Amino acid sequence: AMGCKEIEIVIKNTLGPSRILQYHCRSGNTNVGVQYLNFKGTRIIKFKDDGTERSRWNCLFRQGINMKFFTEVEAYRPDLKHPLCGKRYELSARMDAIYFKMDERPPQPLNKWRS
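Per the deposition metadata, solution NMR was the technique used to determine this entry.

Caption draft 1: Here's a closer look at the side chain of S92. Position of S92 relative to the elements: it lies in strand 7 (residues 90-94). When its relative accessible area of 0% is taken as the criterion, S92 is described as buried. With residues up to four places along the chain from it excluded, the contact list for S92 reads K12, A97, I98, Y99 and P107.

Caption draft 2: Expanded view of the state of the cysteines. Inspection of every chain in the model, using the stated rule, returns 2 disulfides. Bridging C4 to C85, the disulfide has an S-S length of 2.0 Å. When the S-S torsion is -105°, as for the bridge of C4 with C85, the disulfide is left-handed. Pair noted here: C4 is in the segment before strand 1 (8-14) and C85 is in the loop between strand 6 (71-74) and strand 7, with a separation of 81 residues, a long-range link. Since its relative accessible area comes to 35%, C4 is described here as partly exposed. Look at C85 and you get buried, because its relative accessible area is 11%.

Cut-offs applied
- Residues numbered from 1 in each chain as written, not as in the entry; some residues may be left out.
- Heavy atoms only, no water.
- Helix = DSSP H or I, 4+ residues; strand = E, 2+ residues; numbered from the N terminus.
- Buried < 20%, exposed > 50% of the residue type's maximum accessible area, 1.4 Å probe, protein only.
- Contact = heavy atoms within 4.5 Å.
- Disulfide = S-S within 2.5 Å.

Here it is, written out as structure tokens:
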């Protein structure tokens, strides 16, 4: 990993009708915002290898209300030991839980939203 790729993190969201969660994903000397979405598919937030071990990026799921629809997902792992570039982190806020895997195949439930 020398040239590498801007790593884009997928915040997936899908319980079904009226799934809405507002993910605040910012860290690592870089700002994005705090957006909600409807149950559609993917919501992709993108960064480059600047938000490394410095403070990486974390997406926190909340809603315009009390904490209610809440959870706390790590968009990126601050491990420079493992190669990124061709890597993608998918956390999905789905019917069951919040998923957490940087894979090529479907991820695993490792976080959980609320409501």
